[PDB]
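Residue numbers (the authors' numbering), protein chains in the order written: chain B, 1 to 259; chain A, 1 to 259; chain C, 3 to 259. Quick reminder that beta carbons are idealized off the backbone N, C-alpha and C, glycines included. These notes are about the structure you will find just below.
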Amino acid sequence: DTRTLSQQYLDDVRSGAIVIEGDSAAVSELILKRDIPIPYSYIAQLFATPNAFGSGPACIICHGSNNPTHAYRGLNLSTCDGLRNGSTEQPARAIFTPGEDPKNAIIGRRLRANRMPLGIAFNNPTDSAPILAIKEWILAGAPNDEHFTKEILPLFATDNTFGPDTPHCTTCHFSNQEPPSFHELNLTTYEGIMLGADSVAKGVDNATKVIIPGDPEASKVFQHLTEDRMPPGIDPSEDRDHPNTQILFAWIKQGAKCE
Amino acid sequence: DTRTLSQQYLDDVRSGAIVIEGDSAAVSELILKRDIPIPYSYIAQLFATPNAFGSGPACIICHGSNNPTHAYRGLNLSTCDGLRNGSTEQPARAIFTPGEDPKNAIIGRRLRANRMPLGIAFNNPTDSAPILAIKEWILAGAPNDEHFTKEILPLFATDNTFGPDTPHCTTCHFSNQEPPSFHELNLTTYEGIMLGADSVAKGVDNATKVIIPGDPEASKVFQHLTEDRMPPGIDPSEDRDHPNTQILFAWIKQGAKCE
Amino acid sequence: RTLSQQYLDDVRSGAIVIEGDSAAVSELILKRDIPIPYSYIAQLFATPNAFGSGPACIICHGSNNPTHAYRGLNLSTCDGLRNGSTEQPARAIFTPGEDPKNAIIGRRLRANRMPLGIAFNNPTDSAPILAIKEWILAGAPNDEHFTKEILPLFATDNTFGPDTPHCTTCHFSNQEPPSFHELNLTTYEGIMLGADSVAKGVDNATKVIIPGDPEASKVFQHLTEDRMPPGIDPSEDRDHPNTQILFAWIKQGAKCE
Ligand code: HEC
Ligand code: HEC
Ligand code: HEC
Ligand code: HEC
Ligand code: HEC
Ligand code: HEC
Ligand SMILES: [Cu+2]
């Protein structure tokens, strides 16, 4: 306001306006809430340092060029224009959009979204028959037909469908009750699937839909089935809301500026 | 005098001159004792990296500019001259002096000194009424009068004085013997407060004076009451003598050179 | 085929195998020979705990000036790395394009000083060590002098430092447990046979004594070389991913790109 950070701070401690709820309160209340500008120099350091978002190798080792024989997906995370360009190998695509919330863009999911069924190792195929079966079903408008009930619905209910020694989805997702069904997602019936997640904990018409008929690419189910969290092999129990993840998101929302 | 580092090393393992007590033996005995020059590049990396002096966000996020609307206190820790300039927002002040021991300068206190009462959260006011009373009392020459006995002395003995759900000072500071009273500081009486800390182990007057009559700014009591340890929210039990802190001090003592 | 293409082909083949937390590095970075950029390597020597607990390498090895850097060794620059130690006795710490596993840089990162746990403030030139060095120089014979004066050094407590166990505590047979690296130091034949004799053939065994040459002898190396950074705890991972990436870079030519 022409007001200094210090002044807003001193006013905020009087007010009681700052609330400390968790280990990441410094980041949450003083950095994100105050919209402090994030320098690209810090962002560069995140992609270059190991364990920057949770245990594993530095992103730039495997994604350090727009050459597809030196870097996976022709994705260059080591430069500001590279980040903005995204994957250059066909099918080429951006991994976020400057100025927009990246939480559910490709970069957001790769940092925060555990592959399903939870715990499955990255060396299991993401193009397997069951996955492609679901992809096609979603494409066909995700109908509730004979075919679905017979050939698709049991994929969520059978052990070892997407890899050896893996539990059926409905082990963890079988009701809309807060525990024991995670995210209150119920994958036992057609209706449970199209209802989506968190319908009890949030609005029933603010429920997180997991199937988007006509669109496999935007379907949380298909995304979770096909996207390995980064860096590859990162354990599921690693914090999905790492402060560096949040500082990264802030930088993107601020324009992904090379300044 | 004229020996190489290696030569002094080989001499000292023979002498028994090198002594090992803690994980930081490498640092204390081989780096600090030999005044190995610290490169600014390393120092820069310390303020730019999360957890560099203990758990928390990187300094340069909150202190990355001399613009007080982009950086707390207009303090720029991200450049060498920025470090040398210190806080630029009024009241502007240096946080250290090149060539001088920074242990008890503002930079040293912010890294090593836990705010009191120990454990208190940073969203409590540092200018509250009790703090101003104590400050006033110190300004007036810290007399042992009626006002002190009635209005100041009990501030060290009452729960929740400096914030909600905080223990009274005399919980941990009530005698001059090493356990159970921390740093042998006794705040139950006037004489104990003016005697200070560390009176048995180094003193009784090689003791750390904690009240400097006439000068609240230099008084450890007032400092510990008003200064939050950095980064904000850092847990008190985090090492106060982190090797990176010591390396930082070394760099400052060596002239704070920009290479 | 591209990296992505070799990857997707490899997951279908069953070609990728996962054994440890460090699976990503071994199978996706080392096995596909992704080029390692010097900029990353630089950051390794400049960051504390990069290869395991301890100060950043460049603090102690940050110049070719021996009053500013141990051994006049500069790890902070690419030409510095290739140069190695400049203080007499000057020597390179690796050779570009060759596996550095057993070069000086490799031993200082992976080889715990022996006997395991001995502190770095113990002399690496003590009488027992010179005795062993001399015995190796003389061709490592199995004579009277060896049996009476050398062999017992490996079976006696507090030989190489105060409160240190006899070597044969951990090295007395050729099986993975209980004898580490299948090394048997109780007999002449055991010492000359070496390590890894079961896991490799008996004629692919890793020799730990190289007669005539102490500098190249694994026994003498372990007795005299402190793992870096000084004071690093022995139980620290000897196969740190950063160590492996470093080795990859060196093998790739140690390019200043
Ligand atoms: C080598 C072990 C890698 C490390 C280190 C990182 N990633 Fe990764 N990434 C890797 C693979 C094998 C793949 C899949 C390639 C394929 O063709 O299927 C990916 C993919 C991504 C993507 C998606 C790109 C797209 O166009 O959809 C992203 C956004 C991504 N990786 C990000 C990322 C991050 C943030 C990393 C550091 C935490 C990281 N990668 C490291 C292999 C490796
Ligand atoms: C227990 C080991 C589970 C198995 C088996 C499956 N899922 Fe899962 N899922 C689980 C948890 C703990 C979470 C929360 C997110 C996290 O990583 O902790 C999830 C989340 C999902 C979601 C997203 C819900 C949302 O609100 O966005 C989806 C769409 C999902 N899971 C789908 C899914 C599928 C298709 C499964 C069979 C392959 C499956 N889950 C199994 C725990 C577990
Ligand atoms: C945001 C979460 C911050 C982080 C990261 C760091 N600091 Fe900080 N600092 C922050 C605030 C809100 C304040 C108080 C402002 C006020 O008006 O009271 C401070 C204060 C300091 C100071 C004191 C400057 C002075 O003039 O007295 C110093 C020297 C300081 N901080 C240093 C510092 C260090 C070393 C950090 C990394 C360990 C660090 N800061 C991070 C907020 C935040
Ligand atoms: C127990 C939770 C404590 C409470 C209550 C108070 N203090 Fe404390 N103090 C405590 C410890 C463990 C230490 C050592 C430093 C550290 O953080 O580990 C201290 C130190 C001080 C000092 C410094 C003495 C010195 O040698 O510099 C002072 C001046 C001090 N404490 C003052 C103080 C005040 C004013 C308190 C009530 C508001 C108070 N302490 C409470 C532990 C505890
Ligand atoms: C100070 C605590 C040091 C740290 C940090 C690192 N090293 Fe070190 N190094 C140190 C000493 C005292 C010595 C012995 C010198 C002598 O005269 O005996 C060494 C030696 C080495 C060597 C050997 C060079 C040679 O000519 O044989 C190497 C290759 C080495 N150190 C590497 C190294 C690495 C990789 C480090 C970071 C993990 C590192 N050193 C840090 C002191 C210190
Ligand atoms: C138990 C505390 C041990 C004592 C006593 C000795 N060694 Fe050791 N050794 C031990 C381990 C766990 C290992 C694995 C590698 C590592 O650095 O941790 C080793 C290895 C060796 C080797 C290397 C063989 C190879 O790499 O192929 C040698 C040559 C060796 N040890 C020799 C040795 C000597 C001379 C000892 C007495 C001074 C000694 N060892 C004692 C565990 C233990
Ligand atoms: Cu305004």
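Using the C-alpha atoms, what's the distance from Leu30 of chain A back to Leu10 of chain A?
For the purposes of this step, residue 10 of chain A is identified with residue 10 of the second sequence, where counting begins at 1. For the purposes of this step, residue 30 of chain A is identified with residue 30 of the second sequence, where counting begins at 1. One C-alpha to the other measures close to 12 Å.
Determine the contact status of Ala157 of chain C and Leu118 of chain C, defining contact as a CB-CB distance below 9 Å.
The residue labelled residue 157 of chain C in the question sits at position 155 within the third sequence. The residue labelled residue 118 of chain C in the question sits at position 116 within the third sequence. In this structure, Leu118 of chain C does not lie closer than 9 Å to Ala157 of chain C by Cβ.
Return yes when the Cβ of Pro243 of chain B is within less than 9 Å of the Cβ of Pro50 of chain A, no when it is not.
On the second sequence, position 50 is the one that residue 50 of chain A refers to. On the first sequence, position 243 is the one that residue 243 of chain B refers to. Yes.
With a threshold of 8 Å (Cβ to nearest heavy atom), would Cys80 of chain A be considered close to ligand 3?
Against the second sequence, residue 80 of chain A aligns to sequence position 80. No, the beta carbon of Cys80 of chain A sits no closer than 8 Å to any heavy atom of ligand 3.
Between the stretch 103-122 of chain C and the stretch 216-236 of chain C, do at least 3 Cβ pairs fall closer than 8 Å?
yes
Are there any heavy atoms of ligand 6 lying less than 8 Å away from the beta-carbon of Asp215 of chain A, as far as the coordinates show?
Translated into the one-based positions of the second sequence, residue 215 of chain A becomes position 215. It does not: the Cβ of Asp215 of chain A is nowhere closer than 8 Å to a heavy atom of ligand 6.
So with CB distances below 8 Å, who are the chain C contacts of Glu238 of chain B?
Here residue 238 of chain B refers to the residue found at position 238 when the first sequence is read from its first residue. Going along chain C, no residue has its Cβ under 8 Å from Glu238 of chain B, so there is no contact; the nearest lies around 11 Å.
If you count every other CB in all the chains shown that lies within 10 Å of the CB of residue 320 of chain C, and 16 or more means buried, which is it?
The requested residue 320 of chain C does not occur in the structure, where chain C is confined to residues 3 to 259.
Ignoring anything shorter than 4 residues, give me the alpha helix (DSSP H) runs that lie fully in the stretch 115-201 of chain C, in order along the chain.
Unbroken alpha helix (DSSP H) stretches of 4 residues or longer found wholly inside the stretch 115-201 of chain C: 129-139 and 190-195, given in chain order.
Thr69 of chain C versus chain A: which residues are under 7 Å apart at the beta carbon?
If you number the third sequence from 1, residue 69 of chain C lands on position 67. The answer, in chain order, is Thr4 and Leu5.
State buried or exposed for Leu5 of chain B, treating a residue as buried only when at least 16 other CB atoms are found within 10 Å of its CB.
In the first sequence, counting from the first residue as 1, residue 5 of chain B sits at position 5. Buried is the call here.
Kindly say whether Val204 of chain A, judged by its beta-carbon, lies nearer than 9 Å to any beta-carbon of chain C.
One-based indexing of the second sequence puts residue 204 of chain A at position 204. False, the Cβ-Cβ gap to chain C never drops below 9 Å.
Once you ignore the five residues that flank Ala52 of chain C on each side, which residues in its own chain have a CB closer than 6 Å to its CB?
Counted from its first residue, the third sequence places residue 52 of chain C at position 50. Taken in chain order, the residues that qualify are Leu46 and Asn244.
Would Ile36 of chain C pass as an interface residue toward chain B - the criterion being a Cβ-Cβ separation below 9 Å?
Numbered from its first residue, the third sequence carries residue 36 of chain C at position 34. By this cut-off, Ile36 of chain C is an interface position.
Taking beta-carbon pairs under 8 Å, can you tell me which members of the stretch 83-115 of chain B lie near chain C?
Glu89
Could you confirm whether any beta carbon from chain A is found closer than 9 Å to the beta carbon of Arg229 of chain C?
Here residue 229 of chain C refers to the residue found at position 227 of the third sequence. For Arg229 of chain C, the answer is no, since every Cβ of chain A falls outside 9 Å of its Cβ.
Spatial neighbours of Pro130 of chain A within its chain, please: CB distance less than 7 Å, with the 5 preceding and 5 following residues excluded, ordered by chain position.
Within the second sequence, residue 130 of chain A is the residue found at index 130, counting from 1. Correct list, in chain order: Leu155, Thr161 and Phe162.
According to DSSP, is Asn244 of chain A helix, strand or coil?
Numbered from 1 along the second sequence, position 244 holds the residue referred to as residue 244 of chain A. If DSSP states are grouped into helix, strand and coil, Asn244 of chain A belongs with the helices.
Leaving aside the five residues before and after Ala207 of chain B along the sequence, list all residues of the same chain whose C-beta is less than 8 Å from its C-beta, in chain order.
Taking the first sequence and counting its residues from 1, one reaches residue 207 of chain B at position 207. The residues are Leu195, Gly196, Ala197, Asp198 and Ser199.
Rounded to a whole number of angstroms, what is the C-alpha to C-alpha distance between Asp145 of chain A and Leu132 of chain A?
As a first step, residue 145 of chain A is located in the second sequence; it is residue number 145 there, counting from the start. As a first step, residue 132 of chain A is located in the second sequence; it is residue number 132 there, counting from the start. Spanning the two alpha carbons is a distance of roughly 17 Å.
Start and end of the alpha helix (DSSP H) containing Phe222 of chain B?
By 1-based counting over the first sequence, the position of residue 222 of chain B is 222. Counted as a single uninterrupted DSSP element, the alpha helix (DSSP H) harbouring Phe222 of chain B occupies residues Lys220 to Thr226.
Closer than 8 Å to a non-hydrogen atom of ligand 4 - does that hold for the CB of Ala52 of chain A?
Here residue 52 of chain A corresponds to residue number 52 of the second sequence, with the count starting at 1. The answer is no for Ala52 of chain A.
Just the Cα atoms here: how many angstroms apart are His183 of chain C and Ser175 of chain C?
One-based indexing of the third sequence puts residue 183 of chain C at position 181. One-based indexing of the third sequence puts residue 175 of chain C at position 173. Between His183 of chain C and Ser175 of chain C, the C-alpha separation is close to 10 Å.
Using beta-carbon positions only, say whether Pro216 of chain C and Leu139 of chain C come within less than 9 Å of one another.
Translated into positions along the third sequence, residue 216 of chain C becomes position 214. Translated into positions along the third sequence, residue 139 of chain C becomes position 137. Contact flag set, yes.
Chain C partners of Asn244 of chain B, CB-CB under 9 Å?
Translated into the one-based positions of the first sequence, residue 244 of chain B becomes position 244. Under the 9 Å cutoff, chain C gives no residues; its nearest Cβ is about 16 Å from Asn244 of chain B.
Considering only their Cβ atoms, is the gap separating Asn124 of chain C from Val27 of chain A smaller than 9 Å?
Position 27 of the second sequence holds residue 27 of chain A. Position 122 of the third sequence holds residue 124 of chain C. Judged by their CB atoms, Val27 of chain A and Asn124 of chain C are not nearer to each other than the 9 Å cut-off.
Which of the three DSSP states, helix, strand or coil, is assigned to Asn67 of chain C?
Here residue 67 of chain C corresponds to residue number 65 of the third sequence, with the count starting at 1. Reduced to three states, the DSSP call for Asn67 of chain C is coil.
Of all the options A:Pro167, A:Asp165, A:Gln223 and A:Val204, which has the alpha carbon lying nearest to the alpha carbon of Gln177 of chain A?
Reading the second sequence from its first residue, position 177 is the one you call residue 177 of chain A. With respect to the C-alpha of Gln177 of chain A, the residue from A:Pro167, A:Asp165, A:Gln223 and A:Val204 having the closest C-alpha is A:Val204.
To the nearest angstrom, how far is it from the Cα of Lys135 of chain C to the Cα of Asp235 of chain B?
Taking the third sequence and counting its residues from 1, one reaches residue 135 of chain C at position 133. Taking the first sequence and counting its residues from 1, one reaches residue 235 of chain B at position 235. Rounded to the nearest angstrom, the two C-alpha atoms are 48 Å apart.
Over the uninterrupted alpha helix (DSSP H) stretch that includes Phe47 of chain A, give me the two end residues.
Locating residue 47 of chain A in the second sequence gives position 47, where the first residue counts as 1. Note, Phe47 of chain A: alpha helix (DSSP H), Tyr40 to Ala48.
Within a Cβ cutoff of 8 Å, which residues of the same chain sit near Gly56 of chain B, ignoring the five residues on either side of it in sequence?
Residue numbering aside, residue 56 of chain B sits at position 56 when the first sequence is read from its first letter. Answer for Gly56 of chain B: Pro50, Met230, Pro231, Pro232, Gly233 and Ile234, listed in chain order.
Based on Cα-Cα distance, which residue from B:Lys150, B:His173, B:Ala105 and B:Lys202 lies nearest to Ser219 of chain B?
Numbered from 1 along the first sequence, position 219 holds the residue referred to as residue 219 of chain B. Comparing Cα-Cα distances from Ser219 of chain B to each of B:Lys150, B:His173, B:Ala105 and B:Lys202, the minimum goes to B:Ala105.
Which chain A residues sit within Cβ distance under 7 Å of residue 261 of chain B?
Since the first and last residues shown for chain B are 1 and 259, residue 261 of chain B lies out of range.
Kindly list, in the order they appear in chain A, the residues whose Cβ is closer than 7 Å to that of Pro57 of chain C.
If you number the third sequence from 1, residue 57 of chain C lands on position 55. The answer, in chain order, is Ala26, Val27, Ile31 and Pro243.
Work out the CA separation of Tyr190 of chain B and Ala142 of chain B for me, nearest whole Å.
Counting from one through the first sequence, the residue named residue 142 of chain B turns up at place 142. Counting from one through the first sequence, the residue named residue 190 of chain B turns up at place 190. Whole-angstrom Cα-Cα distance: 10 Å.
Out of C:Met116, C:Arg115, C:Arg73 and C:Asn114, which has the shortest C-alpha to C-alpha gap to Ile95 of chain C?
One-based indexing of the third sequence puts residue 95 of chain C at position 93. Nearest of C:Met116, C:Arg115, C:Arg73 and C:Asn114 to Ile95 of chain C, Cα basis: C:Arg73.
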